[PDB]
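Chemist: Got a structure for you, written out below as structure tokens; questions coming shortly.
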Amino acid sequence: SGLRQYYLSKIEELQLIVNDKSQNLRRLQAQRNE
Amino acid sequence: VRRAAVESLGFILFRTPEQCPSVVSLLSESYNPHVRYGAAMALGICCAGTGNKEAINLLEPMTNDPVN
Amino acid sequence: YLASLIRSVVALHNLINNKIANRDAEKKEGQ
Amino acid sequence: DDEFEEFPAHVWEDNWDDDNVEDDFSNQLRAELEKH
Amino acid sequence: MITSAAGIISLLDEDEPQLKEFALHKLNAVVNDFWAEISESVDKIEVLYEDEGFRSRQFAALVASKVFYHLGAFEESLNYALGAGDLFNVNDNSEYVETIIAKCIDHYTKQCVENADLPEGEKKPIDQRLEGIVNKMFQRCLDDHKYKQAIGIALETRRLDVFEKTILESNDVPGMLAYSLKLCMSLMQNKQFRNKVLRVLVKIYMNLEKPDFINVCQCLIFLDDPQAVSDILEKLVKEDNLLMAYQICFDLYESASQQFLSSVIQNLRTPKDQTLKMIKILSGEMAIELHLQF
Amino acid sequence: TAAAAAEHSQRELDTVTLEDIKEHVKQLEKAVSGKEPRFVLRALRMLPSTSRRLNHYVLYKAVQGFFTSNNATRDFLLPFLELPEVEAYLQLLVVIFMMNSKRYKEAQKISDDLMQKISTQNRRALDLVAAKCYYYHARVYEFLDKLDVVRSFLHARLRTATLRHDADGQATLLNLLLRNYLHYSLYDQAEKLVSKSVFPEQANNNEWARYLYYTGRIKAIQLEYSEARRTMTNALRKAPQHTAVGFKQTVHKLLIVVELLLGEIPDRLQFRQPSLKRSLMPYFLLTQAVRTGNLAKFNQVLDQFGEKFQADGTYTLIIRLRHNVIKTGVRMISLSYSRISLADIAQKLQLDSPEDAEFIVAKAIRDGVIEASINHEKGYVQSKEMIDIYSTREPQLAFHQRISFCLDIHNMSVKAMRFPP
Amino acid sequence: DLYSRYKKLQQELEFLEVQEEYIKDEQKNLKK
Amino acid sequence: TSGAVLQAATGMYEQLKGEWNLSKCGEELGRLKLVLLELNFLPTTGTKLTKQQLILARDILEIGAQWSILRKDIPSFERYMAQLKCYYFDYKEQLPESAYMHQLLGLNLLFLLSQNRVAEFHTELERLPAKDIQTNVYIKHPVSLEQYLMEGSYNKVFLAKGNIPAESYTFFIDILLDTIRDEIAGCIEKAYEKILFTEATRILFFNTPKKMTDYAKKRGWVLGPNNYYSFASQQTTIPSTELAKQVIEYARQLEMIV
């Protein structure tokens, strides 16, 4: 079944990075708002 | 020049209209009225003819902004 | 060092305040 | 949070000194004076 | 069960290239469970590989790749996995094989993107064994009836010939062409690579039995090649398909820039009623008049 | 109908517990259906007390009123009992049920099925449930006294958990694997693994505690006593407060032994505290013997409580004790003296001759537990004239560690101030 | 599908990095 | 086939025993190692031969280790003892108890003490069962030597020389004397002031007085001052650069936005 595993590994890594980066960006947004 | 920078940002991001509210929401709440105006115009150019709900949500409060 | 310790305590207090605010918001949204 | 189940399980703030001495300070001093 | 591998590693110190092979066989049998112990003894297997000790050249490299895998030094694990030869067993459901294949793809892609910009001559060569590994991975992509995602990895790898081959040898050639065009227009950034990809797409479109010309004209607009579009239009004129010619021309007017339209008109000028009508459409009389009436 | 009324009240409580299970599920969907990270810990933290309140008939009704998508695998639970994450949570609950029921065959099989499921699904919010499943599967095999096949299983699973850049599963698998090595007394493979794995700097408190215990034990056996003592003390400070009585007992026991080996005397507040007195009393006697230097009483204590030592696992450290018992004597002597003559250490350390004094004190200095010089031209052991350590970089360095620490907590605290929208 | 998801996430990552850097800079200037 | 190969291995082992039960043993053991490769070096589970493999495993590997110790070759001893340890502690259920095991096991412990590998020494002691530490003599003696050496009773360590359960415990007593001399040195140069020639001879149990110059001809603690055995005792500026680094680090973590 093709490189489903390879694409899924990369996809999940990037998903984690985007998730925590969104957390951090909202944090900074709030500090800057203050 | 700050205003022109924000407007140019607007021009850059129009094949991905969903993104412009992200870049411009942080600018719209800035103490510099020129940067605020540039943020508004960038939203306009980006989400032109798209009726983006997030865009209108960001613009709606700015209509009661103390600078003409 | 004393300055740094005071800063740490204040930072933790603010983190607690924010976690409680978010917890209250989540509980109210759920209910 | 989690009880580590994998591990099976006076009112005086004492701090040692519970040694074995020829009385604390009576016979010692008696013998001390005797040899001085 | 074993409780220690130091005994097995102890064989490698022997001077018997008959004992050494059994040592390595069992070591590979039990790496997955005793990687840590062997990590200090990996130094032995490195020189054993570099030498010509019978089977030392392949199977020892395999165990070296496994041990470096478990440890975490992937960059140097790859250098030995590639040399491991046919023993790598590119077809098996072993986390080691999937992960080293992933690293192979990543490294090959990095090298390709890095040597694409560089001149034709001075390009950092590609380990032919690594190339073979990736190529068998692609052939497996196809064999799995998973034609898609092969387009993606091929576009990443910057190798087009496989892009052509995969989009051709597949069901729903129109669907694959539309998906590839969406990817080419939307995501990929490098303009030179996008031009190469669009040239491949145009070649594919031309080679069809019932050619799709609207997409061809759009692609040519991207590529900035008005001479080709002029020749296509003259072809549609001689071989009568007037409705298709008119549609191509209207789309050309609505998309292509003024210089491109002028170039097409000039190349076309270089029965004639149809030619004049297309020139009119491209110039813009009909479109502006119709919009105004609307 | 007293039994009926009691059952009625218990079943009302059971409805409350089912509501709690539903709330945990809902939190899990907040995490995964919401797709946001974490919050599985929120839904999971009540796992221990929930396991305590588990009930057979309650689960009998649960395994017929739950599993909205009835995939028919519910019949692997129903006979013995008589979503992508909630199913794992329910399966873990069921293995807990068999655990406390003492049913360790279907328990192992159902745990295996749970493991197959979690291994198959390559989720990223299921890693925490996978960690808990790992721990309880290990406990099943532990009550079944294999501890061996689990080694390879957990070890491959750790490989997966470290390829996927996971933290909770990585830590828990590392911890259980270390427990297996220690249960089979493989303090060479244990050491190599600890040396060539890096523990997640951001790991649960309860997992830091266990890792620190095992690492300290490994170093203690390996004869790295200073770092062993630091590790056990830090583990204790990391340990839970109102729970884990057994864990605290074991860390304390090993800490007493390790300190006695370093040459110190422990704190007596330990033997004071009520949760430990009965556990640590043998070590109370042992510490008395070592402090006194009374080898006779030491031998009596060994002959009298040796079984408990071989049980907890201390029986080689408590001979290395003998060694560090003479060491403890010399450390006290060199803690209160500045120029004691050798013929005077011989006696006050219970030795034979000034030659033996030379050798033993020299070795003590070599091990660096007394920090003195020595002179045999006239035969005295002058110590180091203490230098006023405030015109020195020692305050610099100490405050440097502490300031670095405080800055790090400010960083980590200002971070993690997540705002929801 | 898969490659589209991969590349969308990639673009999102660089976009968020740019936003991070900008917010850093504006917080500096706002302090001033 | 299996029966025939087992018979061939058995015949080779019987020839070995008839030989000695040196160099002849060398080639015989080489061929036996090859035949063991042919058969089963380390069953490694799964196969479950249950051929009482321990029989031939012990035969070959204990005889190999013994020939090694008679030969005075530490690398070969390491190899054979590693294998033997595997066979001892691993296949416990299948293997029958080998009374001819503690000898090599304690001899291994002695070897570890000889090459000052105290960490590994205690790891293997832990591996061993509890009772054997206090019951058996073969193991007790190396345990006793290590305990004495850690306490510092080097005189007892020396006096133990005559006390040896079996003559096999040889050449590691000698390497142990060498290592003891090295450790005594360690003590001397770490914490003393100065040791004269006579006292150095008295303390360090050197060779004959004429070679007493040994370990000064070898380690040479800058000897020479006044009396050649003056021991040359091997016993304030602001670190401005390092302090600047650390303070700049404080400033960096305090001013960076996070």
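Naming scheme: A, B, ... for chains in displayed order of the structure tokens; residues 1 onward per chain; ligands 1 onward as shown.
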Provide as a PyMOL selection string the residues of chain C at most 12 Å from chain H, counting only C-alpha atoms.
Modeler: chain C and resi 1+3-4+7-8+11
Chemist: Tell me which protein, DNA and RNA residues are within 10 Å of residue H:39, counting only C-alpha atoms, leaving out same-chain ones fewer than 2 positions away, and put them as a PyMOL selection string.
Modeler: chain H and resi 2+5-6+9+33-37+41-43+53
Chemist: Using only C-alpha atoms, which chain G residues lie at most 6 Å away from chain A, written as a list in words?
Modeler: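 Taken together, these residues fit the definition: residues 6, 13 and 27 of chain G.
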Chemist: For atom CA of residue H:106 and atom CA of residue H:139, quote the distance in Å rounded to one decimal.
Modeler: 4.7 Å
Chemist: Mind dumping a table of every chain D residue within 12 Å of chain F, with the nearest atom pair and its distance in Å to one decimal, using only C-alpha atoms, sorted by chain and rising number, as CSV?
Modeler:
```
residue,atom,partner,partner_atom,distance
D:1,CA,F:45,CA,6.2
D:2,CA,F:48,CA,6.0
D:3,CA,F:244,CA,4.9
D:4,CA,F:244,CA,5.3
D:5,CA,F:244,CA,7.4
D:6,CA,F:139,CA,7.1
D:7,CA,F:246,CA,5.3
D:8,CA,F:246,CA,5.3
D:9,CA,F:246,CA,3.9
D:10,CA,F:272,CA,9.1
D:11,CA,F:272,CA,9.3
D:12,CA,F:272,CA,9.4
D:13,CA,F:269,CA,7.6
D:14,CA,F:268,CA,7.3
D:15,CA,F:268,CA,6.1
D:16,CA,F:268,CA,7.2
D:17,CA,F:288,CA,10.4
D:18,CA,F:288,CA,9.2
D:19,CA,F:292,CA,8.3
D:20,CA,F:292,CA,9.7
D:21,CA,F:292,CA,11.9
```
Chemist: Those selected residues, please, written with N, CA, C and O atoms and delivered as a JSON list (two decimals), in the first residue's frame.
Modeler:
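selection_30.json, written as the output of this step:
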```
[["chain", "number", "residue", "atom", "x", "y", "z"],
["D", 1, "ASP", "N", -1.16, 11.48, 42.02],
["D", 1, "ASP", "CA", -1.76, 11.13, 40.74],
["D", 1, "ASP", "C", -1.98, 9.63, 40.65],
["D", 1, "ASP", "O", -3.12, 9.16, 40.70],
["D", 2, "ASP", "N", -0.90, 8.87, 40.51],
["D", 2, "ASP", "CA", -0.95, 7.42, 40.42],
["D", 2, "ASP", "C", -0.17, 6.80, 41.56],
["D", 2, "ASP", "O", 1.02, 7.09, 41.73],
["D", 3, "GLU", "N", -0.83, 5.96, 42.34],
["D", 3, "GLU", "CA", -0.17, 5.20, 43.39],
["D", 3, "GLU", "C", 0.65, 4.10, 42.72],
["D", 3, "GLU", "O", 0.12, 3.28, 41.97],
["D", 4, "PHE", "N", 1.96, 4.10, 42.98],
["D", 4, "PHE", "CA", 2.88, 3.22, 42.27],
["D", 4, "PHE", "C", 2.65, 1.80, 42.76],
["D", 4, "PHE", "O", 3.39, 1.27, 43.60],
["D", 5, "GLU", "N", 1.60, 1.17, 42.23],
["D", 5, "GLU", "CA", 1.21, -0.14, 42.73],
["D", 5, "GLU", "C", 2.28, -1.19, 42.49],
["D", 5, "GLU", "O", 2.32, -2.19, 43.21],
["D", 6, "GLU", "N", 3.16, -0.99, 41.51],
["D", 6, "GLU", "CA", 4.17, -2.00, 41.23],
["D", 6, "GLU", "C", 5.11, -2.19, 42.40],
["D", 6, "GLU", "O", 5.82, -3.19, 42.46],
["D", 7, "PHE", "N", 5.13, -1.24, 43.34],
["D", 7, "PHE", "CA", 5.95, -1.35, 44.52],
["D", 7, "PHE", "C", 5.10, -1.83, 45.68],
["D", 7, "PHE", "O", 4.20, -1.10, 46.12],
["D", 8, "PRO", "N", 5.32, -3.04, 46.20],
["D", 8, "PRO", "CA", 4.57, -3.46, 47.39],
["D", 8, "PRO", "C", 4.89, -2.59, 48.59],
["D", 8, "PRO", "O", 5.99, -2.07, 48.74],
["D", 9, "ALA", "N", 3.89, -2.44, 49.46],
["D", 9, "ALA", "CA", 4.03, -1.61, 50.65],
["D", 9, "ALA", "C", 3.97, -2.47, 51.91],
["D", 9, "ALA", "O", 4.87, -2.42, 52.75],
["D", 10, "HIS", "N", 6.74, 8.00, 70.79],
["D", 10, "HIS", "CA", 7.23, 9.30, 71.22],
["D", 10, "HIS", "C", 6.63, 10.43, 70.38],
["D", 10, "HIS", "O", 5.99, 10.19, 69.36],
["D", 11, "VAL", "N", 6.85, 11.66, 70.83],
["D", 11, "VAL", "CA", 6.48, 12.85, 70.06],
["D", 11, "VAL", "C", 7.67, 13.81, 70.07],
["D", 11, "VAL", "O", 7.54, 14.99, 69.73],
["D", 12, "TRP", "N", 8.84, 13.30, 70.43],
["D", 12, "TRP", "CA", 10.04, 14.09, 70.62],
["D", 12, "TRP", "C", 10.89, 14.03, 69.36],
["D", 12, "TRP", "O", 11.19, 12.95, 68.86],
["D", 13, "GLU", "N", 11.29, 15.19, 68.86],
["D", 13, "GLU", "CA", 12.09, 15.25, 67.64],
["D", 13, "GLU", "C", 13.50, 14.77, 67.99],
["D", 13, "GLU", "O", 14.44, 15.55, 68.14],
["D", 14, "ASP", "N", 13.63, 13.46, 68.13],
["D", 14, "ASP", "CA", 14.90, 12.86, 68.52],
["D", 14, "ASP", "C", 15.95, 13.04, 67.43],
["D", 14, "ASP", "O", 15.64, 13.02, 66.23],
["D", 15, "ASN", "N", 17.20, 13.21, 67.85],
["D", 15, "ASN", "CA", 18.32, 13.28, 66.91],
["D", 15, "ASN", "C", 19.51, 12.56, 67.56],
["D", 15, "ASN", "O", 20.31, 13.17, 68.26],
["D", 16, "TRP", "N", 19.60, 11.26, 67.28],
["D", 16, "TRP", "CA", 20.65, 10.39, 67.81],
["D", 16, "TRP", "C", 20.95, 10.72, 69.27],
["D", 16, "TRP", "O", 20.06, 11.18, 69.99],
["D", 17, "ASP", "N", 22.18, 10.47, 69.73],
["D", 17, "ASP", "CA", 22.60, 10.56, 71.12],
["D", 17, "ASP", "C", 22.11, 9.37, 71.93],
["D", 17, "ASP", "O", 22.47, 9.25, 73.10],
["D", 18, "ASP", "N", 21.33, 8.46, 71.34],
["D", 18, "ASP", "CA", 20.86, 7.31, 72.09],
["D", 18, "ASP", "C", 21.97, 6.27, 72.19],
["D", 18, "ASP", "O", 21.77, 5.10, 71.86],
["D", 19, "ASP", "N", 23.14, 6.70, 72.66],
["D", 19, "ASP", "CA", 24.30, 5.84, 72.74],
["D", 19, "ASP", "C", 24.23, 5.02, 74.02],
["D", 19, "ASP", "O", 23.22, 5.01, 74.73],
["D", 20, "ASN", "N", 25.31, 4.32, 74.34],
["D", 20, "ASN", "CA", 25.45, 3.58, 75.58],
["D", 20, "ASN", "C", 26.66, 4.13, 76.31],
["D", 20, "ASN", "O", 27.80, 3.86, 75.91],
["D", 21, "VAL", "N", 26.42, 4.89, 77.38],
["D", 21, "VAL", "CA", 27.48, 5.59, 78.10],
["D", 21, "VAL", "C", 27.39, 5.23, 79.57],
["D", 21, "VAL", "O", 26.34, 4.83, 80.08]]
```
Chemist: Find the residues in chain E near chain G: any atom within 9 Å counts, using only C-alpha atoms. Write them as a PyMOL selection string.
Modeler: chain E and resi 148-149+151-153+183+187-188
Chemist: Given the selection you just returned, output its residues as a file containing N, CA and C atoms, formatted as an mmCIF file, in the first residue's frame.
Modeler:
```cif
data_model
loop_
_atom_site.group_PDB
_atom_site.id
_atom_site.type_symbol
_atom_site.label_atom_id
_atom_site.label_comp_id
_atom_site.auth_asym_id
_atom_site.auth_seq_id
_atom_site.Cartn_x
_atom_site.Cartn_y
_atom_site.Cartn_z
ATOM 1 N N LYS E 148 -1.174 7.590 -7.311
ATOM 2 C CA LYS E 148 -0.970 8.861 -6.647
ATOM 3 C C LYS E 148 -0.017 8.690 -5.463
ATOM 4 N N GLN E 149 0.527 9.818 -5.013
ATOM 5 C CA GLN E 149 1.626 9.907 -4.055
ATOM 6 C C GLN E 149 2.956 9.562 -4.704
ATOM 7 N N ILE E 151 3.338 10.716 -7.792
ATOM 8 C CA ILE E 151 3.484 12.052 -8.346
ATOM 9 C C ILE E 151 4.103 12.971 -7.311
ATOM 10 N N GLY E 152 3.636 12.884 -6.069
ATOM 11 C CA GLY E 152 4.154 13.768 -5.044
ATOM 12 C C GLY E 152 5.625 13.534 -4.768
ATOM 13 N N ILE E 153 6.006 12.276 -4.538
ATOM 14 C CA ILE E 153 7.404 12.024 -4.216
ATOM 15 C C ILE E 153 8.278 12.351 -5.417
ATOM 16 N N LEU E 183 -1.521 20.773 -8.331
ATOM 17 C CA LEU E 183 -0.316 20.828 -7.513
ATOM 18 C C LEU E 183 0.710 21.776 -8.117
ATOM 19 N N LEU E 187 0.957 24.704 -5.287
ATOM 20 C CA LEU E 187 1.944 24.521 -4.231
ATOM 21 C C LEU E 187 3.351 24.896 -4.681
ATOM 22 N N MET E 188 3.894 24.198 -5.676
ATOM 23 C CA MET E 188 5.325 24.305 -5.920
ATOM 24 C C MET E 188 5.710 25.727 -6.289
#
```
Chemist: Just want the 10 Å neighbourhood of stretch 114-121 of chain E, counted on only C-alpha atoms, with same-chain residues fewer than 4 positions away dropped. Output as a PyMOL selection string.
Modeler: chain E and resi 108-110+125-126+157-159+192-193
Chemist: If we count only C-alpha atoms, what is near residue B:45 at a cut-off of 10 Å, once residues fewer than 6 positions away on the same chain are taken out, given as a PDB file with N, CA and C atoms, in the first residue's frame?
Modeler:
```pdb
ATOM      1  N   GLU B   7       0.007  47.063   3.307  1.00  0.00           N
ATOM      2  CA  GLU B   7      -0.789  46.899   2.092  1.00  0.00           C
ATOM      3  C   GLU B   7      -0.118  45.936   1.118  1.00  0.00           C
ATOM      4  N   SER B   8       1.198  46.044   0.975  1.00  0.00           N
ATOM      5  CA  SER B   8       1.916  45.114   0.122  1.00  0.00           C
ATOM      6  C   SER B   8       1.760  43.690   0.627  1.00  0.00           C
ATOM      7  N   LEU B   9       1.818  43.501   1.945  1.00  0.00           N
ATOM      8  CA  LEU B   9       1.540  42.188   2.522  1.00  0.00           C
ATOM      9  C   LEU B   9       0.204  41.671   2.022  1.00  0.00           C
ATOM     10  N   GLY B  10      -0.784  42.558   2.021  1.00  0.00           N
ATOM     11  CA  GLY B  10      -2.082  42.183   1.502  1.00  0.00           C
ATOM     12  C   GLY B  10      -1.995  41.693   0.071  1.00  0.00           C
ATOM     13  N   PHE B  11      -1.270  42.424  -0.766  1.00  0.00           N
ATOM     14  CA  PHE B  11      -1.143  42.000  -2.159  1.00  0.00           C
ATOM     15  C   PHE B  11      -0.489  40.631  -2.250  1.00  0.00           C
ATOM     16  N   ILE B  12       0.523  40.384  -1.419  1.00  0.00           N
ATOM     17  CA  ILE B  12       1.252  39.121  -1.494  1.00  0.00           C
ATOM     18  C   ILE B  12       0.315  37.957  -1.233  1.00  0.00           C
ATOM     19  N   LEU B  13      -0.532  38.075  -0.215  1.00  0.00           N
ATOM     20  CA  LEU B  13      -1.383  36.949   0.193  1.00  0.00           C
ATOM     21  C   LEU B  13      -2.804  37.126  -0.336  1.00  0.00           C
ATOM     22  N   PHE B  14      -3.058  36.676  -1.568  1.00  0.00           N
ATOM     23  CA  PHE B  14      -4.428  36.630  -2.068  1.00  0.00           C
ATOM     24  C   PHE B  14      -4.793  35.340  -2.780  1.00  0.00           C
ATOM     25  N   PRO B  17      -6.541  33.264   0.730  1.00  0.00           N
ATOM     26  CA  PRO B  17      -7.236  34.278   1.532  1.00  0.00           C
ATOM     27  C   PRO B  17      -7.417  33.893   2.983  1.00  0.00           C
ATOM     28  N   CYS B  20      -4.739  35.555   5.341  1.00  0.00           N
ATOM     29  CA  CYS B  20      -4.597  36.985   5.600  1.00  0.00           C
ATOM     30  C   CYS B  20      -5.187  37.408   6.933  1.00  0.00           C
TER      31      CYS B  20
END
```
Chemist: Per residue of chain F within 12 Å of chain E, record the nearest atom pair and its distance in Å to one decimal, counting only C-alpha atoms, with rows in chain order and ascending residue number, as a Markdown table.
Modeler:
```
| residue | atom | partner | partner_atom | distance |
| --- | --- | --- | --- | --- |
| F:119 | CA | E:95 | CA | 11.8 |
| F:146 | CA | E:1 | CA | 11.7 |
| F:147 | CA | E:1 | CA | 11.5 |
| F:148 | CA | E:1 | CA | 8.0 |
| F:149 | CA | E:1 | CA | 9.0 |
| F:150 | CA | E:33 | CA | 11.0 |
| F:151 | CA | E:33 | CA | 8.0 |
| F:152 | CA | E:33 | CA | 5.7 |
| F:153 | CA | E:33 | CA | 8.9 |
| F:154 | CA | E:33 | CA | 9.7 |
| F:155 | CA | E:33 | CA | 6.5 |
| F:156 | CA | E:32 | CA | 7.0 |
| F:157 | CA | E:95 | CA | 10.6 |
| F:158 | CA | E:70 | CA | 10.2 |
| F:159 | CA | E:70 | CA | 7.2 |
| F:160 | CA | E:95 | CA | 7.8 |
| F:161 | CA | E:95 | CA | 11.5 |
| F:162 | CA | E:72 | CA | 9.3 |
| F:163 | CA | E:99 | CA | 8.3 |
| F:164 | CA | E:99 | CA | 10.4 |
| F:165 | CA | E:72 | CA | 11.9 |
| F:177 | CA | E:33 | CA | 11.2 |
| F:180 | CA | E:3 | CA | 11.6 |
| F:181 | CA | E:3 | CA | 9.3 |
| F:184 | CA | E:3 | CA | 9.0 |
| F:185 | CA | E:3 | CA | 10.0 |
| F:186 | CA | E:3 | CA | 7.6 |
| F:187 | CA | E:3 | CA | 10.8 |
| F:188 | CA | E:37 | CA | 8.8 |
| F:189 | CA | E:37 | CA | 6.7 |
| F:190 | CA | E:36 | CA | 9.3 |
| F:191 | CA | E:36 | CA | 9.5 |
| F:192 | CA | E:36 | CA | 6.0 |
| F:193 | CA | E:36 | CA | 5.7 |
| F:194 | CA | E:36 | CA | 9.2 |
| F:195 | CA | E:36 | CA | 8.8 |
| F:196 | CA | E:36 | CA | 6.8 |
| F:197 | CA | E:71 | CA | 8.0 |
| F:198 | CA | E:71 | CA | 10.6 |
```
Chemist: For chain F, report every residue with an atom at most 10 Å from chain A (counting only C-alpha atoms), formatted as a count of residues only.
Modeler: 17
Chemist: Would you kindly return, as a PyMOL selection string, each protein, DNA or RNA residue with an atom no farther than 10 Å from any atom of residue H:74, considering only C-alpha atoms and excluding same-chain residues fewer than 3 positions away?
Modeler: chain H and resi 65+68-69+71+77-80+111+171-172
Chemist: Could you write out that same residue set with N, CA, C and O atoms as a PDB file, in the first residue's frame?
Modeler:
```
ATOM      1  N   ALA H  65      39.235 -22.107  28.005  1.00  0.00           N
ATOM      2  CA  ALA H  65      39.650 -21.143  29.016  1.00  0.00           C
ATOM      3  C   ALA H  65      40.816 -21.678  29.829  1.00  0.00           C
ATOM      4  O   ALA H  65      41.746 -20.937  30.162  1.00  0.00           O
ATOM      5  N   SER H  68      43.820 -21.422  27.946  1.00  0.00           N
ATOM      6  CA  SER H  68      44.185 -20.013  27.907  1.00  0.00           C
ATOM      7  C   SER H  68      44.970 -19.624  29.149  1.00  0.00           C
ATOM      8  O   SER H  68      46.011 -18.969  29.057  1.00  0.00           O
ATOM      9  N   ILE H  69      44.483 -20.016  30.325  1.00  0.00           N
ATOM     10  CA  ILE H  69      45.148 -19.603  31.556  1.00  0.00           C
ATOM     11  C   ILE H  69      46.508 -20.276  31.676  1.00  0.00           C
ATOM     12  O   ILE H  69      47.477 -19.664  32.140  1.00  0.00           O
ATOM     13  N   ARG H  71      48.248 -20.775  29.189  1.00  0.00           N
ATOM     14  CA  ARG H  71      49.040 -20.073  28.189  1.00  0.00           C
ATOM     15  C   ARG H  71      49.383 -18.646  28.595  1.00  0.00           C
ATOM     16  O   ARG H  71      50.335 -18.075  28.052  1.00  0.00           O
ATOM     17  N   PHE H  77      41.362 -15.588  27.375  1.00  0.00           N
ATOM     18  CA  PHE H  77      40.592 -15.821  28.590  1.00  0.00           C
ATOM     19  C   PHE H  77      39.294 -15.032  28.569  1.00  0.00           C
ATOM     20  O   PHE H  77      38.238 -15.546  28.944  1.00  0.00           O
ATOM     21  N   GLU H  78      39.359 -13.775  28.140  1.00  0.00           N
ATOM     22  CA  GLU H  78      38.155 -12.962  28.052  1.00  0.00           C
ATOM     23  C   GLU H  78      37.134 -13.613  27.133  1.00  0.00           C
ATOM     24  O   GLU H  78      35.956 -13.740  27.483  1.00  0.00           O
ATOM     25  N   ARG H  79      37.575 -14.039  25.949  1.00  0.00           N
ATOM     26  CA  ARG H  79      36.651 -14.661  25.004  1.00  0.00           C
ATOM     27  C   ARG H  79      35.971 -15.876  25.625  1.00  0.00           C
ATOM     28  O   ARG H  79      34.731 -15.960  25.693  1.00  0.00           O
ATOM     29  N   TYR H  80      36.778 -16.822  26.102  1.00  0.00           N
ATOM     30  CA  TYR H  80      36.222 -18.072  26.596  1.00  0.00           C
ATOM     31  C   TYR H  80      35.326 -17.831  27.795  1.00  0.00           C
ATOM     32  O   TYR H  80      34.271 -18.458  27.921  1.00  0.00           O
ATOM     33  N   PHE H 111      40.037 -12.268  37.745  1.00  0.00           N
ATOM     34  CA  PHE H 111      40.565 -11.538  36.599  1.00  0.00           C
ATOM     35  C   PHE H 111      40.072 -10.099  36.592  1.00  0.00           C
ATOM     36  O   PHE H 111      40.829  -9.173  36.272  1.00  0.00           O
ATOM     37  N   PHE H 171      48.483 -16.302  37.827  1.00  0.00           N
ATOM     38  CA  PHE H 171      48.811 -15.244  36.877  1.00  0.00           C
ATOM     39  C   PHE H 171      47.875 -14.057  37.038  1.00  0.00           C
ATOM     40  O   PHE H 171      48.274 -12.909  36.803  1.00  0.00           O
ATOM     41  N   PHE H 172      46.716 -14.285  37.643  1.00  0.00           N
ATOM     42  CA  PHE H 172      45.875 -13.177  38.053  1.00  0.00           C
ATOM     43  C   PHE H 172      46.210 -12.723  39.455  1.00  0.00           C
ATOM     44  O   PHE H 172      46.067 -11.541  39.757  1.00  0.00           O
TER      45      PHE H 172
END
```
Chemist: Could you pull the residues within 9 Å of residue B:37, counting only C-alpha atoms, minus those fewer than 6 positions along the same chain, as a PyMOL selection string?
Modeler: chain B and resi 3+6-7+28
Chemist: Quick one: write out the picked residues with N, CA, C and O atoms as a CSV table (one decimal), in the first residue's frame?
Modeler:
```csv
chain,number,residue,atom,x,y,z
B,3,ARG,N,2.5,51.8,6.5
B,3,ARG,CA,1.2,51.5,5.8
B,3,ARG,C,1.4,50.8,4.5
B,3,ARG,O,0.7,49.8,4.2
B,6,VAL,N,2.2,47.1,5.0
B,6,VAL,CA,1.1,46.2,5.3
B,6,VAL,C,0.2,46.0,4.1
B,6,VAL,O,-0.2,44.9,3.8
B,7,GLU,N,0.0,47.1,3.3
B,7,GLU,CA,-0.8,46.9,2.1
B,7,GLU,C,-0.1,45.9,1.1
B,7,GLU,O,-0.8,45.1,0.5
B,28,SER,N,-3.9,44.6,13.3
B,28,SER,CA,-5.1,45.5,13.4
B,28,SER,C,-5.2,46.1,14.8
B,28,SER,O,-5.7,47.2,15.0
```
Chemist: Could you please tell me, as number ranges by chain, which residues of chain C have an atom within 9 Å of chain F when using only C-alpha atoms?
Modeler: C: 1-16, 18-19, 22, 25-26
Chemist: Which of stretch 73-233 of chain H end up as alpha helix (DSSP H) when DSSP is run on this backbone - answer as a PyMOL selection string?
Modeler: chain H and resi 74-89+102-114+118-127+130-134+137-151+154-159+172-190+197-203
Chemist: Just the number, please: distance in Å from atom CA of residue H:188 to atom CA of residue H:218, one decimal.
Modeler: 14.8 Å
